[PDB]
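Notes to accompany the following structure.
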Amino acid sequence: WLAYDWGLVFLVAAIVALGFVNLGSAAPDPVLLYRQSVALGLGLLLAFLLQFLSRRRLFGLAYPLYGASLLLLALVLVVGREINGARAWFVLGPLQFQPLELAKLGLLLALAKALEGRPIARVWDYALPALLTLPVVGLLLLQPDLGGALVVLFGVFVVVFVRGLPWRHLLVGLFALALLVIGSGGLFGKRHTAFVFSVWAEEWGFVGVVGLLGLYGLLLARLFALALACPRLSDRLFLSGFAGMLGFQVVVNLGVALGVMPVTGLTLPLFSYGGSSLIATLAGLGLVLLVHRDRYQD
Ligand SMILES: [Cl-]
């Protein structure tokens, strides 16, 4: 039927097109743009394939996907490939799959589903999110990769806070974990990650950064608007956790790019270089779009 919110689609497409028109000038290379074109193709294809999935099945898979992401996080520690001092990637030749993304989505689904029963015992308000998040954050710290750990923990914080459970301990853990880590016009196109962002910030200047931060602000706004437009509470929680994680990566790259936090492996979603991050962001956006399209169904 295609009863989606096409505004969010246009926002995602606009950020993606900005990322692509920037990469073609921010340290370009004939062979480095092909990888990202194929990543975009795979991402759109996967986000389309996932549209043949009802939300009932998707939340039926809330617990199996969480278990598979836990076991996959455990397995990457044994048979992974070290990159920047941590084994956090599965490399099978041309295939590059990082279990962090599966962990994020599985935990969001699992917590959303397990946290939609309004009455709870007076003890599990602390323990259930604890015992569902701690294995993930711990297996993320054994790599070690604390950027994804921060994203995961902050997502869990957003889910808990929107729900209405104890969240202050989660912020304590979050802040504690984060401590052990050219004009108005610009140039217009005239190897670390932040280079992808430093070239946009310098070749396009204040209008460029204002426009990009505005695109991200509108995306987070539309996500949180779709979140409170769902009758079921599990959907509200899932959408808000996703939007939280996205905004958190964005503000992390903000402080990384402007000399605040030490850099992490967290890219700017839909914008920074990275085929797996692009594909995973597209897949998560496909999930959020399909859970929004099925909001008035049983
Ligand atoms: Cl609290």
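As shown in the structure tokens, the chain order sets the letters A, B, ...; within each chain, residues go from 1, and ligands are also counted from 1 in the order they appear.
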Protein and nucleic acid residues within 9 Å of ligand 1 (only C-alpha atoms and all ligand atoms) as a PyMOL selection string | chain A and resi 161+164-170
Write a file of the selected residues as a short mmCIF file (atom, residue, chain, number, x, y, z; two decimals), in the first residue's frame, keeping N, CA, C and O atoms.
data_model
loop_
_atom_site.label_atom_id
_atom_site.label_comp_id
_atom_site.auth_asym_id
_atom_site.auth_seq_id
_atom_site.Cartn_x
_atom_site.Cartn_y
_atom_site.Cartn_z
N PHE A 161 14.29 6.17 29.79
CA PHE A 161 13.78 7.48 30.19
C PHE A 161 12.40 7.72 29.59
O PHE A 161 11.48 8.17 30.29
N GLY A 164 9.94 5.41 31.60
CA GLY A 164 9.60 5.86 32.93
C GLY A 164 10.08 4.91 34.02
O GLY A 164 9.30 4.45 34.85
N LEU A 165 11.37 4.63 34.00
CA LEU A 165 12.03 3.71 34.91
C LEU A 165 13.29 4.40 35.40
O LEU A 165 13.63 5.49 34.92
N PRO A 166 14.02 3.80 36.34
CA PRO A 166 15.29 4.40 36.78
C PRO A 166 16.31 4.52 35.66
O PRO A 166 16.69 3.53 35.04
N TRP A 167 16.72 5.77 35.39
CA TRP A 167 17.64 6.09 34.32
C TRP A 167 18.89 6.82 34.79
O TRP A 167 19.84 6.94 34.01
N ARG A 168 18.93 7.31 36.03
CA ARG A 168 20.08 8.08 36.49
C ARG A 168 21.34 7.21 36.55
O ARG A 168 22.43 7.67 36.20
N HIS A 169 21.20 5.96 37.00
CA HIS A 169 22.35 5.06 37.02
C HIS A 169 22.88 4.84 35.61
O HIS A 169 24.10 4.67 35.42
N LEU A 170 22.00 4.84 34.60
CA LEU A 170 22.46 4.66 33.23
C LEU A 170 23.29 5.85 32.77
O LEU A 170 24.32 5.68 32.11
#
Give me every alpha helix (DSSP H) residue in segment 60-149 of chain A, going by DSSP on the backbone, as a PyMOL selection string.
-> chain A and resi 60+62-79+99-114+124-141+146-149
Would you pick out the contacts of segment 3-6 of chain A at 9 Å or less, using only C-alpha atoms, so that residues sharing its chain but fewer than 4 positions from it are not included, and give the list as a PDB file with N, CA, C and O atoms, in the first residue's frame?
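What ended up in part.pdb:
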ATOM      1  N   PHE A  10      12.744  11.568   2.268  1.00  0.00           N
ATOM      2  CA  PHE A  10      13.443  12.659   1.595  1.00  0.00           C
ATOM      3  C   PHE A  10      14.606  13.166   2.433  1.00  0.00           C
ATOM      4  O   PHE A  10      15.659  13.521   1.893  1.00  0.00           O
ATOM      5  N   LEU A  11      14.447  13.181   3.756  1.00  0.00           N
ATOM      6  CA  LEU A  11      15.538  13.630   4.620  1.00  0.00           C
ATOM      7  C   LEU A  11      16.738  12.691   4.521  1.00  0.00           C
ATOM      8  O   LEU A  11      17.888  13.134   4.374  1.00  0.00           O
ATOM      9  N   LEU A 226       7.379  10.652  14.574  1.00  0.00           N
ATOM     10  CA  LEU A 226       6.848   9.324  14.284  1.00  0.00           C
ATOM     11  C   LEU A 226       6.770   8.480  15.549  1.00  0.00           C
ATOM     12  O   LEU A 226       5.909   7.599  15.656  1.00  0.00           O
ATOM     13  N   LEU A 289      10.800   2.563   9.249  1.00  0.00           N
ATOM     14  CA  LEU A 289       9.762   2.941   8.297  1.00  0.00           C
ATOM     15  C   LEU A 289       8.667   1.885   8.240  1.00  0.00           C
ATOM     16  O   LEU A 289       7.476   2.212   8.161  1.00  0.00           O
ATOM     17  N   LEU A 290       9.056   0.608   8.306  1.00  0.00           N
ATOM     18  CA  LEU A 290       8.069  -0.463   8.295  1.00  0.00           C
ATOM     19  C   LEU A 290       7.313  -0.551   9.614  1.00  0.00           C
ATOM     20  O   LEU A 290       6.138  -0.936   9.619  1.00  0.00           O
ATOM     21  N   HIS A 292       6.602   2.079  11.352  1.00  0.00           N
ATOM     22  CA  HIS A 292       5.681   3.209  11.248  1.00  0.00           C
ATOM     23  C   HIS A 292       4.517   2.915  10.310  1.00  0.00           C
ATOM     24  O   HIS A 292       3.392   3.367  10.553  1.00  0.00           O
ATOM     25  N   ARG A 293       4.763   2.179   9.224  1.00  0.00           N
ATOM     26  CA  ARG A 293       3.680   1.907   8.287  1.00  0.00           C
ATOM     27  C   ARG A 293       2.668   0.914   8.842  1.00  0.00           C
ATOM     28  O   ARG A 293       1.511   0.923   8.410  1.00  0.00           O
ATOM     29  N   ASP A 294       3.067   0.073   9.797  1.00  0.00           N
ATOM     30  CA  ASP A 294       2.167  -0.896  10.403  1.00  0.00           C
ATOM     31  C   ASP A 294       1.628  -0.441  11.758  1.00  0.00           C
ATOM     32  O   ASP A 294       1.247  -1.285  12.580  1.00  0.00           O
TER      33      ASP A 294
END
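Residues with any atom within 8 Å of segment 172-175 of chain A, counting only C-alpha atoms and excluding same-chain neighbours fewer than 4 positions away, are residues 150, 153, 154, 168 and 179 of chain A.
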Export, as a PDB file, in the first residue's frame, the selected residues with N, CA and C atoms.
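File written: part-v2.pdb
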ATOM      1  N   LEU A 150      29.147   3.374  23.993  1.00  0.00           N
ATOM      2  CA  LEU A 150      28.470   4.618  24.346  1.00  0.00           C
ATOM      3  C   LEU A 150      27.142   4.744  23.613  1.00  0.00           C
ATOM      4  N   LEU A 153      24.656   2.230  25.210  1.00  0.00           N
ATOM      5  CA  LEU A 153      24.228   2.648  26.538  1.00  0.00           C
ATOM      6  C   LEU A 153      23.304   3.855  26.467  1.00  0.00           C
ATOM      7  N   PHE A 154      23.619   4.828  25.608  1.00  0.00           N
ATOM      8  CA  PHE A 154      22.772   6.010  25.516  1.00  0.00           C
ATOM      9  C   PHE A 154      21.412   5.671  24.918  1.00  0.00           C
ATOM     10  N   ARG A 168      18.928   7.306  36.034  1.00  0.00           N
ATOM     11  CA  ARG A 168      20.084   8.075  36.486  1.00  0.00           C
ATOM     12  C   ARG A 168      21.336   7.211  36.549  1.00  0.00           C
ATOM     13  N   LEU A 179      34.957   8.474  29.964  1.00  0.00           N
ATOM     14  CA  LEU A 179      36.191   9.059  30.477  1.00  0.00           C
ATOM     15  C   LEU A 179      37.415   8.152  30.386  1.00  0.00           C
TER      16      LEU A 179
END
Counting only C-alpha atoms, what is within 12 Å of segment 215-220 of chain A, bar same-chain residues fewer than 3 positions away, as a PyMOL selection string?
-> chain A and resi 5-19+208-212+223-227+239-251+254+268-271+285
Export of prior selection with C-alpha atoms as a compact mmCIF listing (two decimals), in the first residue's frame:
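Produced file selection.txt, reproduced below:
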# COMPACT_ATOMS: atom_id res chain seq x y z
CA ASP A 5 6.12 8.97 5.97
CA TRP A 6 7.87 10.12 2.80
CA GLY A 7 9.29 13.23 4.50
CA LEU A 8 11.73 11.09 6.48
CA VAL A 9 12.59 9.32 3.21
CA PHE A 10 13.44 12.66 1.59
CA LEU A 11 15.54 13.63 4.62
CA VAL A 12 17.55 10.40 4.50
CA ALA A 13 18.00 10.75 0.74
CA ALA A 14 19.16 14.36 1.13
CA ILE A 15 21.75 13.55 3.80
CA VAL A 16 22.96 10.59 1.70
CA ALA A 17 23.25 12.76 -1.43
CA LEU A 18 25.20 15.36 0.54
CA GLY A 19 27.53 12.65 1.82
CA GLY A 208 27.48 24.23 5.15
CA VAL A 209 27.73 23.12 8.77
CA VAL A 210 24.50 24.93 9.65
CA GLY A 211 22.68 23.21 6.78
CA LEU A 212 24.03 19.77 7.64
CA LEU A 223 11.93 10.40 14.08
CA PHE A 224 10.62 11.63 17.44
CA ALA A 225 7.40 12.79 15.75
CA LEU A 226 6.85 9.32 14.28
CA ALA A 227 7.70 7.92 17.73
CA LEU A 239 11.68 4.59 17.52
CA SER A 240 12.93 6.77 20.37
CA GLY A 241 15.91 4.50 21.04
CA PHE A 242 16.84 4.55 17.35
CA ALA A 243 16.58 8.34 17.15
CA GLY A 244 18.60 8.65 20.35
CA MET A 245 21.42 6.46 19.06
CA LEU A 246 21.52 8.41 15.79
CA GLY A 247 21.58 11.83 17.45
CA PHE A 248 24.20 10.55 19.88
CA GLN A 249 26.53 9.49 17.09
CA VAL A 250 25.96 12.90 15.50
CA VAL A 251 26.84 14.85 18.64
CA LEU A 254 30.47 17.02 16.67
CA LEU A 268 28.58 10.46 10.89
CA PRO A 269 25.50 8.41 9.91
CA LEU A 270 24.51 8.51 6.21
CA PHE A 271 27.28 11.10 5.68
CA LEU A 285 15.73 3.20 8.76
Among listed residues A:296, A:195, A:66, A:157, nearest residue 110 of chain A (using only C-alpha atoms) |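 The answer is A:66, which sits nearest to residue 110 of chain A.
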Using only C-alpha atoms, which residues of segment 56-98 of chain A come within 9 Å of segment 139-142 of chain A, and what is the closest atom pair for each, with the distance in Å to one decimal? Give it as JSON lines, sorted by chain and residue number.
{"residue": "A:70", "atom": "CA", "partner": "A:139", "partner_atom": "CA", "distance": 7.9}
{"residue": "A:73", "atom": "CA", "partner": "A:139", "partner_atom": "CA", "distance": 6.1}
{"residue": "A:74", "atom": "CA", "partner": "A:139", "partner_atom": "CA", "distance": 6.4}
{"residue": "A:77", "atom": "CA", "partner": "A:142", "partner_atom": "CA", "distance": 7.4}
{"residue": "A:86", "atom": "CA", "partner": "A:142", "partner_atom": "CA", "distance": 8.4}
{"residue": "A:88", "atom": "CA", "partner": "A:140", "partner_atom": "CA", "distance": 8.3}
Using only C-alpha atoms, pick whichever of A:80, A:144, A:274, A:64 has the shortest atom-to-atom distance to residue 107 of chain A.
->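 Using only C-alpha atoms, residue 107 of chain A sits closest to A:64.
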